[PDB]
Amino acid sequence: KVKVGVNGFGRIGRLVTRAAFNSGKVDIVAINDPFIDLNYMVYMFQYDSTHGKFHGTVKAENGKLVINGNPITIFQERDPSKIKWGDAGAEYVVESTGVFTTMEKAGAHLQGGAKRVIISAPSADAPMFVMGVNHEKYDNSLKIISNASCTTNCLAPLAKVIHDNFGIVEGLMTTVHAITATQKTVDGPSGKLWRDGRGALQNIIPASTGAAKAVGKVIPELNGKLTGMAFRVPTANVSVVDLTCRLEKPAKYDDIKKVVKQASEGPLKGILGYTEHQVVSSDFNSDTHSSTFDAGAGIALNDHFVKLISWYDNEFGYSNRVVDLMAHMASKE
Amino acid sequence: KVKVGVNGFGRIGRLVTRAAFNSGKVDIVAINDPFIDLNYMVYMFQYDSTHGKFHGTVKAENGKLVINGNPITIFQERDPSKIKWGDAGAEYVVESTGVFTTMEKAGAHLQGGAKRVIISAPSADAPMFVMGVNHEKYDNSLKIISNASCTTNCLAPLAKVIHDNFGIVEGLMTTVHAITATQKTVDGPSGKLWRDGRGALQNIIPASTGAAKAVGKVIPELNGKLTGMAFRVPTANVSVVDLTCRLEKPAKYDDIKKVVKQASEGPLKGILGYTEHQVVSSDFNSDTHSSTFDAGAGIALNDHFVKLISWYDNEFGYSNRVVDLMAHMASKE
Amino acid sequence: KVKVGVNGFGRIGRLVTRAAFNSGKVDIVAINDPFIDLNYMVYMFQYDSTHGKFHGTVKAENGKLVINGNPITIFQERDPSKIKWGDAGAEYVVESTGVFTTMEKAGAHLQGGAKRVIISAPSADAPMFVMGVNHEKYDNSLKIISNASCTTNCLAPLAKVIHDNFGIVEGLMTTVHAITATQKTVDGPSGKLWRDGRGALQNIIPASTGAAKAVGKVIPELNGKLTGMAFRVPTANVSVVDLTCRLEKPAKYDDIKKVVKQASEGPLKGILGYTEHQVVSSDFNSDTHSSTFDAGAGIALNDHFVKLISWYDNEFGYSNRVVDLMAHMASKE
Amino acid sequence: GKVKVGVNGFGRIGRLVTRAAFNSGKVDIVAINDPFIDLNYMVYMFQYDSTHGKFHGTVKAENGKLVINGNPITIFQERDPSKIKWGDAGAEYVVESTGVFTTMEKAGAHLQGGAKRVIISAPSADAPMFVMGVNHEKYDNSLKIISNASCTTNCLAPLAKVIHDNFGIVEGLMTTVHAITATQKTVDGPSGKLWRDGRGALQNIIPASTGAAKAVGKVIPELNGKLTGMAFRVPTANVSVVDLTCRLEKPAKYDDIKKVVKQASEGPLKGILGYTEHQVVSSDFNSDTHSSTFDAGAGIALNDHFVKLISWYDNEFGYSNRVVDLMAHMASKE
Ligand SMILES: NC(=O)c1ccc[n+]([C@@H]2O[C@H](COP(=O)([O-])OP(=O)(O)OC[C@H]3O[C@@H](n4cnc5c(N)ncnc54)[C@H](O)[C@@H]3O)[C@@H](O)[C@H]2O)c1
Ligand SMILES: NC(=O)c1ccc[n+]([C@@H]2O[C@H](COP(=O)([O-])OP(=O)(O)OC[C@H]3O[C@@H](n4cnc5c(N)ncnc54)[C@H](O)[C@@H]3O)[C@@H](O)[C@H]2O)c1
Ligand SMILES: NC(=O)c1ccc[n+]([C@@H]2O[C@H](COP(=O)([O-])OP(=O)(O)OC[C@H]3O[C@@H](n4cnc5c(N)ncnc54)[C@H](O)[C@@H]3O)[C@@H](O)[C@H]2O)c1
Ligand SMILES: NC(=O)c1ccc[n+]([C@@H]2O[C@H](COP(=O)([O-])OP(=O)(O)OC[C@H]3O[C@@H](n4cnc5c(N)ncnc54)[C@H](O)[C@@H]3O)[C@@H](O)[C@H]2O)c1
Ligand SMILES: [Zn+2]
Ligand SMILES: [Zn+2]
């Protein structure tokens with residue numbers, strides 16, 4: 001139903017477009033990417049090293065991108081304010097470039113006649129939502145919002161369930177993260193973040209993440225109670241969260257499994273998964289969950305100190321949440 | 001000075017052999033491996049994908065392996081009780097096959113005239129030692145001992161410093177670990193451990209490890225206070241420990257750095273290293289430390305709850321510790 | 001229609017099973033694999049790092065493996081003469097273990113009541129067939145046959161088309177080939193093929209291949225006119241043939257494209273594909289073609305001397321050919 | 001260490017030329033320009049190397065200089081090569097290793113800041129191209145802007161010379177199976193002019209064009225028009241291999257090909273062309289300084305006139321050594 005524009009046709013712009021046509025929960029009507037002409041969009045949309053060929057049709061017609069016979073307006077603008085979302089019929093704009101993450105820089109889309117803006121990344125100052133956690137705190141006053149990060153979308157649903165049932169006194173998270181577009185094939189310059197310039201195929205690379213702190217913004221009771229870090233490892237896609245937490249109430253591992261399984265079958269169905277299967281990362285490739293709890297992989301030292309493991313397709317889960325959030329915003333117009 | 005036999009000329013058997021010839025701390029006089037004949041041993045020893053070509057000479061001469069002009073007797077026995085260690089002058093035997101890790105199985109080498117056996121792995125029953133942590137607990141009554149795992153040799157020196165200064169109430173460890181020879185190139189059979197059969201190049205693979213539990217054997221005060229798990233990731237060597245612990249006594253992160261750096265410059269020099277550099281895993285390739293604390297990578301939630309990061313060349317640091325243990329054992333005869 | 005048993009539940013044993021159920025061309029009724037019990041077969045069939053989760057249902061019921069509701073008898077025999085294929089109703093057996101490739105060993109399946117055996121590998125002595133090239137030379141007298149190799153299945157249909165239209169005077173082939181189950185994760189022992197023991201994640205590895213010579217057996221006119229070699233490289237699946245050949249008749253590259261395209265649309269449809277797209281190896285993951293001609297990647301020096309490039313999913317193309325060959329055999333009786 | 005050198009672009013090739021200059025002592029590095037790597041960052045990037053390991057020597061920042069093995073190096077931060085003050089730093093020859101100034105007109109900008117000669121670490125549309133051991137004796141003092149060709153041409157040309165000299169190449173087609181490089185992407189991204197080159201370098205075998213076989217016909221004029229080829233990028237961080245399929249004028253038994261290659265490796269092409277019968281794989285050539293190492297066991301003959309010859313190359317380290325060797329040779333002719 002709601003009509004959508006996508007700024008940046010990167011991993012995230014393309015896979016939100018893909019999630020939109022797959023689920024049919026929104027109608028993509030516009031796309032902007034200055035480094036990507038129309039014929040090149042067809043190619044980049046249709047062929048995907050990680051998720052395989054698009055299941056549907058894609059071609060350039062009359063200077064439109066036509067997916068499943070639905071035509072889409074193509075902008076080659078550098079500057080978001082210049083983009084005429086208005087003319088094209090785009091009510092909501094996904095801001096997927098990762099260089100317009102502030103309320104102000106993101107707000108530029110409103111000048112083209114965009115009603116509302118969803119930043120596909122953490123924002124310094126836009127309000128952050130996570131589907132299944134704090135999305136019901138969205139209302140119509142909000143024209144510039146954030147869907148947080150892939151890692152926050154993994155951690156927050158599990159942390160809600162654990163905190164709600166047992167009380168997280170304190171937590172420290174590690175994410176073992178697949179490589180991303182910001183990394184390098186061989187040792188090269190990354191001026192502010194030296195480790196991130198080191199060859200991505202050759203190395204385990206420690207990195208900072210704001211995801212654990214961000215959980216304290218969507219779950220205010222966990223403010224100041226979580227922090228963490230990442231390691232980048234040489235896999236193309238699918239990441240894993242490792243949450244080491246101290247609990248207020250005693251929680252046998254069997255009781256943790258029971259409350260996560262219950263949450264996955266009820267209110268967090270499609271958002272928080274649960275498995276007892278002997279899974280590895282590739283089993284989550286193109287899995288649309290935000291977070292799949294791995295019962296077998298986790299370990300408890302005692303009833304108050306546990307390490308919980310949850311898997312996430314960092315591309316596909318997040319892309320499907322952007323769509324779901326837009327559907328829920330539209331359902332509240 | 002002590003003469004050594006190697007059972008299993010694998011990653012650890014070959015790099016123990018290199019470490020022996022590079023350090024001159026022990027003399028290799030015999031090798032057994034029924035799957036590697038003499039001419040094949042020359043090739044496998046000379047060329048190493050991970051650590052590069054041997055700097056020295058290796059040839060087959062008169063049915064012996066000759067390294068740096070030193071002739072080595074070669075055996076080809078599947079049955080360790082049938083190896084004539086005594087006839088070859090091997091006083092100590094490195095048991096590096098991975099299939100003889102109980103005192104009962106490793107004790108077979110005593111039938112062929114070995115005086116002592118060092119299992120290059122954790123043992124269900126052999127007493128376990130880590131250089132710099134409990135190796136002074138070794139005595140001449142022990143004919144069969146274990147040098148623990150690579151992961152225990154990384155965690156235990158760091159756990160020692162943290163416990164000696166602040167106390168560890170409880171800890172949970174993750175190791176992000178390079179692939180090993182037990183893994184498979186593509187999805188294949190691993191009947192007892194289904195995740196471990198999944199393709200090693202494609203997957204992050206969760207795995208059990210006894211390493212954190214074993215730290216409570218080498219540091220009896222931490223018995224029952226540590227446990228953990230592993231992810232295998234697609235790098236050919238170098239691994240990292242992530243230890244999440246609750247301290248008894250409060251420590252600022254700069255106080256932890258101070259006492260680790262002091263340990264690395266004094267009593268644990270060569271075993272525990274300390275860096276503030278922006279390191280990644282390939283920076284530790286062929287590093288002979290057991291453990292290198294990464295000051296920049298670690299994070300503290302508060303003065304009692306911290307995540308400490310330590311690197312280890314799982315092949316080379318361990319192989320150097322097998323040689324150091326045998327040299328220490330030889331000094332007590 | 002024909003009922004089929006599978007000896008060896010491996011990449012090819014499993015993907016022949018997946019291809020059978022996906023195409024419906026044959027009926028799998030029995031499987032033998034002494035290293036994969038019934039519950040483990042469920043897991044290994046359901047989850048696949050390369051081709052993703054099986055689309056359909058798989059469970060253990062009443063001691064049977066049940067795929068898409070079809071019950072499959074499970075055997076666990078080391079010794080193929082002891083498998084009771086006849087009692088399970090298996091008429092044709094896919095010998096996919098890699099260790100019974102001679103007619104004497106493969107013929108053991110006839111003692112248990114199989115009528116015909118298809119070896120899923122080259123054979124020293126069984127007659128070899130490639131679908132689209134010599135499958136019409138199969139006749140009802142042949143109880144034990146070979147489907148040749150994945151590489152012979154890529155090269156033979158292309159060579160057929162070039163030889164038919166221009167004549168190949170002489171040709172030399174390279175295959176840049178994905179890793180396989182016979183390779184090692186880290187430098188390890190490999191019998192009489194020392195390069196093949198070197199770490200598969202780290203190395204480009206030259207290997208011998210009979211594939212180009214074997215083309216001379218399925219296309220007798222090319223006997224002694226073709227040979228070649230392989231490089232194994234660190235990708236998990238999808239391989240490429242590079243055929244450098246001297247032609248008898250002049251052939252502009254546009255003429256080559258024309259005749260390959262016509263072959264792909266007609267008599268070799270589903271076997272030989274044709275693309276002008278800007279493809280890379282992952283675009284062929286799960287592609288069921290034997291051979292896809294890459295028009296853009298190849299290059300001509302002159303009208304008699306050309307390099308032709310053809311892609312193959314070494315796992316899925318070949319598996320689909322084993323099923324098609326068995327359906328072709330079944331059509332003769 | 002006679003000729004004083006400036007390096008433009010402190011990347012894989014610029015850093016490893018610098019390492020090779022300090023190891024061989026053939027030339028003196030006195031200046032480096034890279035607007036994306038400041039002085040403290042150059043210390044880190046030079047000291048630690050994922051592929052070739054930690055630098056064996058000292059490296060530090062002092063008084064705004066990069067100091068390697070106690071030798072102070074002037075650091076510039078200019079995007080525009082005509083603005084670099086090479087002459088004030090004492091740099092006589094400049095290594096042009098950015099990948100973006102490969103024409104004589106663009107590389108000639110270094111002469112404006114007082115460099116005397118420029119060596120482009122890449123093929124050039126117009127600068128004369130040289131390959132050590134093949135046509136470096138054709139260099140003369142009139143040439144102020146030259147190319148050291150590509151890594152692939154430096155592998156194929158020495159082998160092609162030995163084969164052509166002894167048997168005559170009627171015609172040849174080359175494949176290189178090539179390590180990934182900095183121009184590739186970690187995951188599918190934009191590469192608007194060469195779409196395949198944008199696809200994830202860790203997941204894919206990627207076909208690519210290369211002029212390297214054509215180029216052998218510039219450095220070996222008798223092979224003009226007789227060679228072409230293509231590349232496959234594969235997911236390894238370093239070391240590449242050439243596969244040359246050629247038709248020979250004179251009959252060549254594989255044993256005779258081996259004999260004349262081994263003889264060239266021990267004499268006139270020592271250190272440039274290597275020869276092995278060992279059961280090698282790519283990692284055995286990591287940090288190997290040869291341009292080309294013939295793999296006797298990997299190659300195959302259909303007959304006495306039609307053969308596939310295999311040669312390995314460390315595309316980073318062999319090439320970087322050749323840049324230093326060519327500069328020292330140029331200095332000898334002044
Ligand atoms: N990839 C992941 O795992 C993941 C998941 C969660 C969130 N994110 C976030 O999504 C954002 C995009 O990440 P990505 O992985 O898709 O990156 P990407 O590099 O794959 O995509 C970025 C795209 O934006 C385009 N672009 C650049 N500048 C532009 C401009 N001025 N106007 C329009 N288009 C422009 C680029 O050409 C490119 O195609 C980042 O904020 C990232 O952190 C990424
Ligand atoms: N690789 C590591 O990082 C690492 C580090 C610490 C300890 N370890 C331990 O060291 C041991 C060896 O591991 P690895 O990585 O060297 O394995 P590997 O597979 O590389 O080496 C094992 C060797 O034993 C040989 N072998 C097998 N059966 C034998 C027999 N009956 N008699 C003699 N030799 C036989 C094999 O041929 C092989 O060469 C294991 O217990 C392992 O857990 C491994
Ligand atoms: N994978 C490819 O790309 C490919 C394609 C073409 C052909 N082939 C050929 O197919 C054959 C199988 O190769 P793969 O890649 O599936 O290997 P694999 O190692 O994945 O599978 C072999 C299977 O045989 C089973 N097995 C071993 N001994 C057995 C016995 N005695 N009885 C029953 N089962 C037994 C193993 O448990 C395993 O599941 C080989 O001959 C190979 O050359 C491989
Ligand atoms: N890597 C190889 O195997 C190899 C081998 C032979 C030749 N080459 C060629 O050498 C050149 C460099 O390749 P590389 O692999 O070192 O690339 P790289 O990307 O690692 O290095 C290029 C460097 O140039 C710098 N740079 C960019 N713009 C600049 C400017 N305006 N002024 C100064 N510095 C600037 C970058 O910051 C970077 O450090 C290319 O022409 C390449 O084709 C590469
Ligand atoms: Zn036979
Ligand atoms: Zn019938």
# chains A, B, ... in the order shown; residues from 1 in each chain; ligands from 1
call {"tool": "select_by_dssp", "arguments": {"residues": "segment 81-130 of chain C", "states": "helix (DSSP H, G or I)", "output": "PyMOL selection string"}}
result
chain C and resi 81-82+85-88+103-106+108-111
call {"tool": "residues_near_ligand", "arguments": {"ligand": "ligand 1", "cutoff": "7 Å", "atoms": "only C-alpha atoms and all ligand atoms", "output": "PyMOL selection string"}}
result
(chain A and resi 7-13+32-36+77-80+96-99+120-121+149-150+180-182+314-315+318) or (chain D and resi 189-190)
call {"tool": "closest_residue", "arguments": {"among": "B:116, B:249, B:192, B:143", "to": "chain A", "atoms": "only C-alpha atoms"}}
result
B:192
call {"tool": "select_by_dssp", "arguments": {"residues": "segment 257-325 of chain C", "states": "strand (DSSP E or B)", "output": "list in words"}}
result
residues 272, 273, 274, 275, 291, 292, 293, 294, 299, 300, 301, 302, 305, 306, 307, 308, 309, 310, 311 and 312 of chain C
call {"tool": "write_last_selection", "arguments": {"atoms": "N, CA and C atoms", "output": "compact mmCIF listing (two decimals), in the first residue's frame"}}
result
# COMPACT_ATOMS: atom_id res chain seq x y z
N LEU C 272 23.98 -27.67 -22.44
CA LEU C 272 24.87 -26.56 -22.83
C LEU C 272 24.08 -25.26 -22.76
N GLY C 273 24.44 -24.35 -21.85
CA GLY C 273 23.86 -23.00 -21.81
C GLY C 273 24.73 -22.03 -22.57
N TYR C 274 24.22 -20.83 -22.76
CA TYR C 274 24.86 -19.72 -23.50
C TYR C 274 24.51 -18.42 -22.81
N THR C 275 25.51 -17.60 -22.46
CA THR C 275 25.27 -16.27 -21.85
C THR C 275 26.23 -15.25 -22.46
N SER C 291 27.37 -27.17 -18.68
CA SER C 291 28.36 -26.33 -19.37
C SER C 291 27.62 -25.05 -19.77
N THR C 292 28.03 -23.87 -19.29
CA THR C 292 27.46 -22.61 -19.81
C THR C 292 28.54 -21.76 -20.47
N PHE C 293 28.41 -21.56 -21.78
CA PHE C 293 29.38 -20.77 -22.60
C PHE C 293 29.29 -19.29 -22.21
N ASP C 294 30.44 -18.71 -21.89
CA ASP C 294 30.55 -17.31 -21.43
C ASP C 294 31.05 -16.51 -22.63
N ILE C 299 38.32 -15.25 -25.77
CA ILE C 299 39.14 -14.35 -26.62
C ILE C 299 39.72 -15.19 -27.75
N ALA C 300 39.78 -14.61 -28.95
CA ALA C 300 40.40 -15.19 -30.16
C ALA C 300 41.70 -14.44 -30.47
N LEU C 301 42.79 -15.14 -30.78
CA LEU C 301 43.99 -14.54 -31.40
C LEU C 301 43.71 -14.35 -32.89
N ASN C 302 43.09 -15.33 -33.52
CA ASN C 302 42.83 -15.33 -34.98
C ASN C 302 41.67 -16.30 -35.28
N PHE C 305 42.45 -19.91 -33.83
CA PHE C 305 43.10 -20.11 -32.50
C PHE C 305 42.39 -19.28 -31.44
N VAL C 306 41.67 -19.96 -30.54
CA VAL C 306 40.65 -19.31 -29.67
C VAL C 306 40.75 -19.93 -28.27
N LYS C 307 40.29 -19.16 -27.29
CA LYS C 307 40.12 -19.59 -25.89
C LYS C 307 38.65 -19.38 -25.56
N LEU C 308 38.01 -20.49 -25.24
CA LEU C 308 36.57 -20.55 -24.92
C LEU C 308 36.39 -20.91 -23.44
N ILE C 309 35.46 -20.20 -22.83
CA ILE C 309 35.26 -20.20 -21.37
C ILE C 309 33.88 -20.79 -21.11
N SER C 310 33.80 -21.83 -20.30
CA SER C 310 32.49 -22.42 -19.90
C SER C 310 32.40 -22.73 -18.40
N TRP C 311 31.31 -22.28 -17.79
CA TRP C 311 31.03 -22.36 -16.35
C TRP C 311 30.31 -23.67 -16.03
N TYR C 312 30.59 -24.25 -14.88
CA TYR C 312 29.75 -25.38 -14.40
C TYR C 312 29.65 -25.39 -12.89
call {"tool": "interface_residues", "arguments": {"of": "chain B", "to": "chain A", "cutoff": "6 Å", "atoms": "only C-alpha atoms", "output": "list in words"}}
result
residues 195, 203, 204, 205, 278, 280, 281 and 282 of chain B
call {"tool": "write_last_selection", "arguments": {"atoms": "N, CA and C atoms", "output": "mmCIF file, in the first residue's frame"}}
result
data_model
loop_
_atom_site.group_PDB
_atom_site.id
_atom_site.type_symbol
_atom_site.label_atom_id
_atom_site.label_comp_id
_atom_site.auth_asym_id
_atom_site.auth_seq_id
_atom_site.Cartn_x
_atom_site.Cartn_y
_atom_site.Cartn_z
ATOM 1 N N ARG B 195 28.063 -30.138 13.796
ATOM 2 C CA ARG B 195 28.448 -28.795 13.279
ATOM 3 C C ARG B 195 29.866 -28.861 12.685
ATOM 4 N N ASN B 203 31.647 -21.168 6.660
ATOM 5 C CA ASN B 203 30.797 -21.074 7.900
ATOM 6 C C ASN B 203 31.558 -20.546 9.111
ATOM 7 N N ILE B 204 30.832 -19.814 9.981
ATOM 8 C CA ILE B 204 31.129 -19.648 11.400
ATOM 9 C C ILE B 204 30.489 -20.860 12.068
ATOM 10 N N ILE B 205 31.278 -21.621 12.795
ATOM 11 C CA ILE B 205 30.835 -22.908 13.391
ATOM 12 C C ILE B 205 30.996 -22.843 14.894
ATOM 13 N N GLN B 278 47.256 -1.246 16.897
ATOM 14 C CA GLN B 278 45.969 -1.523 16.215
ATOM 15 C C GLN B 278 46.111 -2.845 15.432
ATOM 16 N N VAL B 280 45.713 -6.832 14.092
ATOM 17 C CA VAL B 280 44.720 -7.820 13.592
ATOM 18 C C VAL B 280 45.384 -9.211 13.622
ATOM 19 N N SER B 281 44.644 -10.246 13.276
ATOM 20 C CA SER B 281 45.130 -11.627 13.521
ATOM 21 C C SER B 281 46.453 -11.899 12.786
ATOM 22 N N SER B 282 46.641 -11.464 11.545
ATOM 23 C CA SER B 282 47.862 -11.803 10.760
ATOM 24 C C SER B 282 49.105 -11.197 11.425
#
call {"tool": "residues_near_ligand", "arguments": {"ligand": "ligand 5", "cutoff": "9 Å", "atoms": "only C-alpha atoms and all ligand atoms", "output": "PyMOL selection string"}}
result
chain C and resi 101-105+123-126
call {"tool": "write_last_selection", "arguments": {"atoms": "C-alpha atoms", "output": "CSV table (one decimal), in the first residue's frame"}}
result
chain,number,residue,atom,x,y,z
C,101,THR,CA,34.9,-47.0,-9.4
C,102,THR,CA,36.0,-50.2,-11.2
C,103,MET,CA,33.5,-52.7,-12.8
C,104,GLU,CA,34.7,-55.4,-10.4
C,105,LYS,CA,33.9,-53.4,-7.3
C,123,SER,CA,36.1,-45.5,-14.2
C,124,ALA,CA,39.3,-47.2,-15.3
C,125,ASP,CA,37.1,-49.8,-17.1
C,126,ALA,CA,33.3,-49.0,-17.0
call {"tool": "atom_distance", "arguments": {"atom1": "atom CA of residue 103 of chain D", "atom2": "atom 37 (O, counted along the ligand's line) of ligand 4"}}
result
18.7 Å
call {"tool": "closest_atom_pairs", "arguments": {"of": "chain A", "to": "ligand 4", "cutoff": "12 Å", "atoms": "only C-alpha atoms and all ligand atoms", "output": "CSV"}}
result
residue,atom,partner,partner_atom_place_in_ligand_line,distance
A:184,CA,ligand 4,19 (O),9.7
A:185,CA,ligand 4,20 (O),9.6
A:186,CA,ligand 4,20 (O),7.3
A:187,CA,ligand 4,20 (O),7.0
A:188,CA,ligand 4,20 (O),5.8
A:189,CA,ligand 4,37 (O),6.3
A:190,CA,ligand 4,37 (O),9.5
A:191,CA,ligand 4,37 (O),10.0
A:197,CA,ligand 4,20 (O),10.7
A:198,CA,ligand 4,20 (O),11.1
A:199,CA,ligand 4,20 (O),10.6
call {"tool": "residues_around", "arguments": {"residues": "residue 61 of chain C", "least_positions_apart": "6", "cutoff": "10 Å", "atoms": "only C-alpha atoms", "output": "PyMOL selection string"}}
result
chain C and resi 38-39+71-72
call {"tool": "atom_distance", "arguments": {"atom1": "atom CA of residue 48 of chain D", "atom2": "atom CA of residue 54 of chain B"}}
result
21.8 Å
call {"tool": "interface_residues", "arguments": {"of": "chain D", "to": "chain A", "cutoff": "6 Å", "atoms": "only C-alpha atoms", "output": "PyMOL selection string"}}
result
chain D and resi 182+186-187
call {"tool": "residues_around", "arguments": {"residues": "residue 218 of chain B", "least_positions_apart": "2", "cutoff": "8 Å", "atoms": "only C-alpha atoms", "output": "compact mmCIF listing (two decimals) with C-alpha atoms, in the first residue's frame"}}
result
# COMPACT_ATOMS: atom_id res chain seq x y z
CA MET B 128 48.04 -30.66 32.61
CA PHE B 129 50.72 -27.91 32.69
CA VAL B 130 50.87 -24.40 31.22
CA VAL B 133 51.24 -20.70 35.30
CA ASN B 134 51.82 -24.13 37.01
CA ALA B 156 45.57 -19.31 31.70
CA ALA B 214 40.84 -26.60 32.26
CA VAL B 215 42.11 -23.20 33.54
CA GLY B 216 40.60 -24.27 36.91
CA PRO B 220 43.11 -24.57 41.37
call {"tool": "decode", "arguments": {"residues": "segment 118-130 of chain C", "atoms": "N, CA and C atoms", "output": "CSV table (one decimal), in the first residue's frame"}}
result
chain,number,residue,atom,x,y,z
C,118,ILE,N,25.4,-47.2,-11.9
C,118,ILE,CA,25.9,-46.0,-12.5
C,118,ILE,C,26.9,-45.4,-11.6
C,119,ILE,N,28.2,-45.5,-12.0
C,119,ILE,CA,29.3,-44.9,-11.2
C,119,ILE,C,29.3,-43.4,-11.4
C,120,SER,N,29.3,-42.7,-10.3
C,120,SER,CA,29.2,-41.2,-10.4
C,120,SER,C,30.6,-40.6,-10.4
C,121,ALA,N,31.5,-41.1,-11.3
C,121,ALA,CA,32.9,-40.7,-11.4
C,121,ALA,C,33.5,-41.4,-12.6
C,122,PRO,N,34.6,-41.0,-13.1
C,122,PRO,CA,35.3,-41.7,-14.2
C,122,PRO,C,35.6,-43.1,-13.6
C,123,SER,N,35.7,-44.1,-14.5
C,123,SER,CA,36.1,-45.5,-14.2
C,123,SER,C,37.3,-45.9,-15.0
C,124,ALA,N,38.2,-46.7,-14.5
C,124,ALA,CA,39.3,-47.2,-15.3
C,124,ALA,C,38.8,-48.1,-16.4
C,125,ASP,N,37.6,-48.8,-16.2
C,125,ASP,CA,37.1,-49.8,-17.1
C,125,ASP,C,35.6,-49.7,-17.5
C,126,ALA,N,34.8,-49.1,-16.7
C,126,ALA,CA,33.3,-49.0,-17.0
C,126,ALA,C,33.2,-48.1,-18.2
C,127,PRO,N,32.3,-48.4,-19.2
C,127,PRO,CA,32.1,-47.4,-20.3
C,127,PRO,C,31.5,-46.1,-19.8
C,128,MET,N,31.9,-45.0,-20.3
C,128,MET,CA,31.6,-43.6,-19.8
C,128,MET,C,30.6,-42.9,-20.8
C,129,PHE,N,29.7,-42.2,-20.3
C,129,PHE,CA,28.6,-41.5,-21.1
C,129,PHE,C,28.6,-40.1,-20.5
C,130,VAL,N,28.4,-39.2,-21.5
C,130,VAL,CA,28.0,-37.8,-21.2
C,130,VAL,C,26.7,-37.5,-21.9
